>>> print(open('data.cif').read())   # mmCIF, N, CA and C atoms
data_model
#
loop_
_atom_site.group_PDB
_atom_site.id
_atom_site.type_symbol
_atom_site.label_atom_id
_atom_site.label_comp_id
_atom_site.auth_asym_id
_atom_site.auth_seq_id
_atom_site.Cartn_x
_atom_site.Cartn_y
_atom_site.Cartn_z
ATOM 1 N N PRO Q 1 92.204 109.276 104.452
ATOM 2 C CA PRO Q 1 90.835 109.013 104.993
ATOM 3 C C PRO Q 1 90.394 107.588 104.650
ATOM 4 N N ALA Q 2 89.186 107.232 104.991
ATOM 5 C CA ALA Q 2 88.699 105.856 104.683
ATOM 6 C C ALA Q 2 87.333 105.921 103.996
ATOM 7 N N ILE Q 3 87.211 106.722 102.972
ATOM 8 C CA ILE Q 3 85.904 106.828 102.262
ATOM 9 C C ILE Q 3 85.981 106.123 100.905
ATOM 10 N N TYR Q 4 86.754 106.650 99.994
ATOM 11 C CA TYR Q 4 86.869 106.010 98.652
ATOM 12 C C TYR Q 4 88.327 105.956 98.224
ATOM 13 N N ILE Q 5 89.194 106.004 99.175
ATOM 14 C CA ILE Q 5 90.653 105.959 98.874
ATOM 15 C C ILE Q 5 91.158 104.522 98.913
ATOM 16 N N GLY Q 6 90.291 103.608 98.645
ATOM 17 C CA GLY Q 6 90.678 102.169 98.654
ATOM 18 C C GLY Q 6 89.650 101.361 97.861
ATOM 19 N N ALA Q 7 89.271 101.838 96.708
ATOM 20 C CA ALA Q 7 88.271 101.099 95.885
ATOM 21 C C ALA Q 7 88.972 100.074 94.991
ATOM 22 N N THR Q 8 90.162 99.674 95.350
ATOM 23 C CA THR Q 8 90.894 98.675 94.520
ATOM 24 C C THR Q 8 91.083 97.375 95.308
ATOM 25 N N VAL Q 9 91.670 96.382 94.699
ATOM 26 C CA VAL Q 9 91.882 95.090 95.415
ATOM 27 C C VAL Q 9 93.246 94.500 95.051
ATOM 28 N N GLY Q 10 93.603 94.532 93.796
ATOM 29 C CA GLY Q 10 94.920 93.971 93.381
ATOM 30 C C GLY Q 10 94.728 92.542 92.871
ATOM 31 N N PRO Q 11 94.682 92.416 91.572
ATOM 32 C CA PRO Q 11 94.501 91.086 90.940
ATOM 33 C C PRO Q 11 95.785 90.262 91.052
ATOM 34 N N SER Q 12 96.912 90.861 90.782
ATOM 35 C CA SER Q 12 98.197 90.110 90.872
ATOM 36 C C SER Q 12 98.464 89.687 92.320
ATOM 37 N N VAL Q 13 98.787 90.622 93.170
ATOM 38 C CA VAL Q 13 99.057 90.274 94.594
ATOM 39 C C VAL Q 13 98.021 89.267 95.097
ATOM 40 N N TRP Q 14 96.823 89.326 94.580
ATOM 41 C CA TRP Q 14 95.770 88.370 95.025
ATOM 42 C C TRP Q 14 96.158 86.941 94.637
ATOM 43 N N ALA Q 15 96.393 86.701 93.375
ATOM 44 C CA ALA Q 15 96.781 85.328 92.940
ATOM 45 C C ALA Q 15 97.993 84.851 93.741
ATOM 46 N N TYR Q 16 98.818 85.760 94.183
ATOM 47 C CA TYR Q 16 100.015 85.362 94.977
ATOM 48 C C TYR Q 16 99.580 84.839 96.346
ATOM 49 N N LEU Q 17 98.709 85.550 97.009
ATOM 50 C CA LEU Q 17 98.240 85.097 98.349
ATOM 51 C C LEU Q 17 97.445 83.791 98.204
ATOM 52 N N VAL Q 18 96.935 83.527 97.034
ATOM 53 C CA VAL Q 18 96.156 82.272 96.824
ATOM 54 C C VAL Q 18 97.110 81.086 96.668
ATOM 55 N N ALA Q 19 98.071 81.200 95.791
ATOM 56 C CA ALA Q 19 99.035 80.080 95.592
ATOM 57 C C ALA Q 19 99.754 79.757 96.905
ATOM 58 N N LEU Q 20 100.112 80.761 97.658
ATOM 59 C CA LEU Q 20 100.817 80.511 98.948
ATOM 60 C C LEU Q 20 99.882 79.809 99.937
ATOM 61 N N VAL Q 21 98.720 80.361 100.164
ATOM 62 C CA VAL Q 21 97.767 79.726 101.117
ATOM 63 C C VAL Q 21 97.386 78.324 100.635
ATOM 64 N N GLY Q 22 97.547 78.058 99.368
ATOM 65 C CA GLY Q 22 97.193 76.711 98.838
ATOM 66 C C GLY Q 22 98.224 75.686 99.308
ATOM 67 N N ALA Q 23 99.482 75.940 99.067
ATOM 68 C CA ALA Q 23 100.535 74.979 99.503
ATOM 69 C C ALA Q 23 100.394 74.680 100.998
ATOM 70 N N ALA Q 24 100.100 75.676 101.787
ATOM 71 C CA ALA Q 24 99.949 75.448 103.253
ATOM 72 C C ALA Q 24 98.684 74.632 103.534
ATOM 73 N N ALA Q 25 97.660 74.821 102.748
ATOM 74 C CA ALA Q 25 96.399 74.055 102.972
ATOM 75 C C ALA Q 25 96.575 72.605 102.518
ATOM 76 N N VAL Q 26 97.579 72.343 101.728
ATOM 77 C CA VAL Q 26 97.807 70.948 101.250
ATOM 78 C C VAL Q 26 98.881 70.268 102.102
ATOM 79 N N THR Q 27 99.613 71.030 102.869
ATOM 80 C CA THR Q 27 100.675 70.428 103.723
ATOM 81 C C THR Q 27 100.128 70.150 105.125
ATOM 82 N N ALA Q 28 99.125 70.878 105.536
ATOM 83 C CA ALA Q 28 98.549 70.654 106.892
ATOM 84 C C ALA Q 28 97.624 69.434 106.879
ATOM 85 N N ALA Q 29 97.097 69.090 105.735
ATOM 86 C CA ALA Q 29 96.189 67.910 105.658
ATOM 87 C C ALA Q 29 96.997 66.613 105.749
ATOM 88 N N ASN Q 30 96.851 65.884 106.820
ATOM 89 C CA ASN Q 30 97.613 64.610 106.966
ATOM 90 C C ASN Q 30 97.539 63.800 105.669
#
>>> encode(input="data.cif", output="structure tokens")
Amino acid sequence: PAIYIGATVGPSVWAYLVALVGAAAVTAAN
């Protein structure tokens, strides 16, 4: 269901999506 079966976020996997999106945000900037 979609009521309270997702009250989490993920601290680790989060820092991973941040470091990755960072390198791409620094390579697209001329």
>>> select_by_dssp(input="data.cif", residues="chain Q", states="helix (DSSP H, G or I)", output="PyMOL selection string")
chain Q and resi 11-27
>>> atom_distance(input="data.cif", atom1="atom N of residue 30 of chain Q", atom2="atom N of residue 17 of chain Q")
22.1 Å
>>> atom_distance(input="data.cif", atom1="atom N of residue 15 of chain Q", atom2="atom N of residue 3 of chain Q")
24.0 Å
>>> decode(input="data.cif", residues="chain Q", atoms="C-alpha atoms", output="PDB file, in the first residue's frame")
ATOM      1  CA  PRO Q   1       0.000   0.000   0.000  1.00  0.00           C
ATOM      2  CA  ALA Q   2       1.072   3.670   0.081  1.00  0.00           C
ATOM      3  CA  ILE Q   3       0.137   4.861   3.592  1.00  0.00           C
ATOM      4  CA  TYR Q   4       3.057   4.401   6.020  1.00  0.00           C
ATOM      5  CA  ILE Q   5       5.053   1.679   4.295  1.00  0.00           C
ATOM      6  CA  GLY Q   6       7.683   4.200   3.223  1.00  0.00           C
ATOM      7  CA  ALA Q   7       8.487   6.454   6.202  1.00  0.00           C
ATOM      8  CA  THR Q   8      12.227   6.051   5.517  1.00  0.00           C
ATOM      9  CA  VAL Q   9      14.678   7.821   3.174  1.00  0.00           C
ATOM     10  CA  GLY Q  10      18.127   6.177   3.323  1.00  0.00           C
ATOM     11  CA  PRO Q  11      21.053   8.225   4.627  1.00  0.00           C
ATOM     12  CA  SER Q  12      23.761   6.168   2.880  1.00  0.00           C
ATOM     13  CA  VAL Q  13      22.217   5.739  -0.592  1.00  0.00           C
ATOM     14  CA  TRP Q  14      21.450   9.471  -0.269  1.00  0.00           C
ATOM     15  CA  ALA Q  15      25.082  10.606   0.103  1.00  0.00           C
ATOM     16  CA  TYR Q  16      25.791   8.383  -2.923  1.00  0.00           C
ATOM     17  CA  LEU Q  17      23.263  10.147  -5.180  1.00  0.00           C
ATOM     18  CA  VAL Q  18      24.767  13.452  -3.972  1.00  0.00           C
ATOM     19  CA  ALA Q  19      28.426  12.717  -4.798  1.00  0.00           C
ATOM     20  CA  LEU Q  20      27.399  11.401  -8.239  1.00  0.00           C
ATOM     21  CA  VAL Q  21      25.131  14.350  -9.127  1.00  0.00           C
ATOM     22  CA  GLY Q  22      27.975  16.614  -7.943  1.00  0.00           C
ATOM     23  CA  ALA Q  23      30.613  15.386 -10.423  1.00  0.00           C
ATOM     24  CA  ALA Q  24      28.059  15.815 -13.239  1.00  0.00           C
ATOM     25  CA  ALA Q  25      27.175  19.335 -12.033  1.00  0.00           C
ATOM     26  CA  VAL Q  26      30.881  20.254 -12.151  1.00  0.00           C
ATOM     27  CA  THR Q  27      31.531  18.710 -15.587  1.00  0.00           C
ATOM     28  CA  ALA Q  28      28.591  20.382 -17.367  1.00  0.00           C
ATOM     29  CA  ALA Q  29      29.741  23.860 -16.270  1.00  0.00           C
ATOM     30  CA  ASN Q  30      32.031  25.153 -19.048  1.00  0.00           C
TER      31      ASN Q  30
END
